[PDB]
Every structure is written in structure tokens, then in C-alpha cells.
>>> print(open('my_file_10.txt').read())   # compact mmCIF, N, CA, C and O atoms
# COMPACT_ATOMS: atom_id res chain seq x y z
N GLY A 1 -3.29 1.84 4.04
CA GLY A 1 -2.87 1.53 2.65
C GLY A 1 -3.29 0.15 2.21
O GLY A 1 -3.87 -0.60 2.99
N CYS A 2 -3.00 -0.18 0.95
CA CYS A 2 -3.30 -1.50 0.39
C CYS A 2 -4.80 -1.78 0.26
O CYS A 2 -5.20 -2.86 -0.19
N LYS A 3 -5.63 -0.83 0.65
CA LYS A 3 -7.07 -0.96 0.45
C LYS A 3 -7.52 0.07 -0.58
O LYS A 3 -6.86 1.10 -0.75
N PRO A 4 -8.61 -0.19 -1.31
CA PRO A 4 -9.04 0.67 -2.40
C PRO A 4 -9.64 1.99 -1.92
O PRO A 4 -10.20 2.08 -0.83
N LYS A 5 -9.52 3.01 -2.77
CA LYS A 5 -9.98 4.36 -2.46
C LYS A 5 -10.39 5.11 -3.73
O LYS A 5 -11.43 5.78 -3.75
N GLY A 6 -9.58 5.00 -4.77
CA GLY A 6 -9.86 5.69 -6.01
C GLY A 6 -9.30 7.09 -6.01
O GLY A 6 -8.49 7.45 -6.88
N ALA A 7 -9.72 7.88 -5.04
CA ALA A 7 -9.16 9.20 -4.81
C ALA A 7 -7.83 9.05 -4.10
O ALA A 7 -7.59 8.05 -3.42
N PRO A 8 -6.93 10.04 -4.23
CA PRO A 8 -5.60 9.97 -3.63
C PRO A 8 -5.67 9.74 -2.13
O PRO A 8 -6.33 10.48 -1.39
N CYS A 9 -4.98 8.71 -1.68
CA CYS A 9 -5.00 8.31 -0.29
C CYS A 9 -3.71 8.74 0.39
O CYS A 9 -2.88 9.41 -0.23
N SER A 10 -3.57 8.37 1.65
CA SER A 10 -2.38 8.66 2.44
C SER A 10 -1.09 8.30 1.69
O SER A 10 -0.79 7.12 1.49
N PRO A 11 -0.34 9.32 1.25
CA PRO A 11 0.90 9.13 0.51
C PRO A 11 2.14 9.09 1.41
O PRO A 11 3.27 9.09 0.92
N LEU A 12 1.91 9.08 2.73
CA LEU A 12 2.99 9.17 3.71
C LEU A 12 4.01 8.04 3.50
O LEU A 12 5.14 8.29 3.08
N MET A 13 3.61 6.82 3.79
CA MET A 13 4.47 5.66 3.60
C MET A 13 3.68 4.48 3.07
O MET A 13 4.10 3.82 2.13
N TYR A 14 2.52 4.24 3.67
CA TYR A 14 1.69 3.10 3.32
C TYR A 14 0.44 3.57 2.55
O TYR A 14 -0.62 3.78 3.14
N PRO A 15 0.56 3.74 1.22
CA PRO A 15 -0.50 4.31 0.40
C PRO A 15 -1.57 3.29 0.03
O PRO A 15 -1.35 2.08 0.10
N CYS A 16 -2.72 3.80 -0.35
CA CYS A 16 -3.88 2.96 -0.60
C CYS A 16 -4.02 2.65 -2.08
O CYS A 16 -4.54 3.46 -2.85
N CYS A 17 -3.56 1.48 -2.48
CA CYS A 17 -3.71 1.04 -3.86
C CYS A 17 -5.08 0.40 -4.03
O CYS A 17 -5.63 -0.17 -3.09
N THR A 18 -5.62 0.47 -5.23
CA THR A 18 -6.97 -0.01 -5.47
C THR A 18 -6.97 -1.41 -6.07
O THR A 18 -7.79 -1.74 -6.94
N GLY A 19 -6.04 -2.24 -5.61
CA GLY A 19 -5.92 -3.58 -6.14
C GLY A 19 -5.54 -4.59 -5.07
O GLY A 19 -5.94 -4.46 -3.92
N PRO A 20 -4.77 -5.62 -5.44
CA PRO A 20 -4.34 -6.67 -4.52
C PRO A 20 -3.03 -6.34 -3.82
O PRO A 20 -2.02 -6.03 -4.45
N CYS A 21 -3.05 -6.44 -2.50
CA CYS A 21 -1.86 -6.21 -1.69
C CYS A 21 -1.31 -7.54 -1.20
O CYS A 21 -2.01 -8.55 -1.20
N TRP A 22 -0.06 -7.52 -0.76
CA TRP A 22 0.66 -8.75 -0.46
C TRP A 22 1.63 -8.57 0.70
O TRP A 22 1.90 -9.52 1.44
N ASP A 23 2.18 -7.36 0.80
CA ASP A 23 3.12 -6.98 1.87
C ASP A 23 4.52 -7.48 1.54
O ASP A 23 5.25 -7.95 2.41
N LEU A 24 4.90 -7.38 0.27
CA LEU A 24 6.19 -7.90 -0.17
C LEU A 24 7.23 -6.80 -0.47
O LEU A 24 8.40 -6.98 -0.16
N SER A 25 6.79 -5.66 -1.04
CA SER A 25 7.70 -4.55 -1.38
C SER A 25 7.01 -3.52 -2.27
O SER A 25 7.09 -2.31 -2.02
N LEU A 26 6.33 -4.01 -3.31
CA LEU A 26 5.63 -3.15 -4.29
C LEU A 26 4.71 -2.16 -3.59
O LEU A 26 4.29 -2.38 -2.47
N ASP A 27 4.37 -1.10 -4.29
CA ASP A 27 3.54 -0.03 -3.73
C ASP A 27 2.11 -0.49 -3.50
O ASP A 27 1.40 0.09 -2.68
N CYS A 28 1.67 -1.50 -4.23
CA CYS A 28 0.36 -2.10 -3.97
C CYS A 28 0.52 -3.40 -3.20
O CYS A 28 -0.33 -3.78 -2.41
N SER A 29 1.65 -4.06 -3.41
CA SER A 29 2.00 -5.24 -2.64
C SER A 29 2.98 -4.82 -1.58
O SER A 29 4.18 -5.07 -1.66
N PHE A 30 2.43 -4.26 -0.54
CA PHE A 30 3.13 -3.27 0.23
C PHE A 30 3.49 -3.72 1.60
O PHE A 30 2.66 -4.19 2.37
N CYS A 31 4.74 -3.53 1.90
CA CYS A 31 5.27 -3.79 3.20
C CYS A 31 5.95 -2.53 3.70
O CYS A 31 6.85 -2.01 3.05
N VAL A 32 5.48 -2.03 4.84
CA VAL A 32 6.11 -0.89 5.47
C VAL A 32 7.49 -1.31 5.90
O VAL A 32 7.73 -2.50 6.08
N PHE A 33 8.37 -0.33 6.10
CA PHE A 33 9.82 -0.56 6.06
C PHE A 33 10.23 -1.73 6.92
O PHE A 33 10.45 -1.64 8.13
N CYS A 34 10.32 -2.84 6.22
CA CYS A 34 10.59 -4.15 6.79
C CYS A 34 11.92 -4.68 6.28
O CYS A 34 12.03 -4.95 5.06
>>> encode(input="my_file_10.txt", output="C-alpha cells")
Amino acid sequence: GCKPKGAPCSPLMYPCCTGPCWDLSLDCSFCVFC
């Protein structure tokens, strides 16, 4: 997840957003259950 794809990526828990990730909470700024 957090890396670009365009097409639907792994929707399990850590999905692949096509923008900037951070690991904070948001679905693109994504932190797995922390």
C-alpha cells in the first residue's frame, strides 16, 4: 500500500493510494493497525 497503482490495489488493510503516504492514519497517509 501507499504506493501508486491507478487500478484497484490490495484492499485488505494496507491499500495502494496514488499519492503521498505518511503512516499517520489516513488511507493514503497510512499506518497499519498501530
>>> residues_around(input="my_file_10.txt", residues="region 4-10 of chain A", least_positions_apart="3", cutoff="10 Å", atoms="only C-alpha atoms", output="PyMOL selection string")
chain A and resi 1+13-21+28
>>> atom_distance(input="my_file_10.txt", atom1="atom C of residue 11 (chain A)", atom2="atom C of residue 24 (chain A)")
16.8 Å
>>> atom_distance(input="my_file_10.txt", atom1="atom O of residue 27 (chain A)", atom2="atom N of residue 2 (chain A)")
5.7 Å
>>> atom_distance(input="my_file_10.txt", atom1="atom N of residue 3 (chain A)", atom2="atom N of residue 29 (chain A)")
8.9 Å
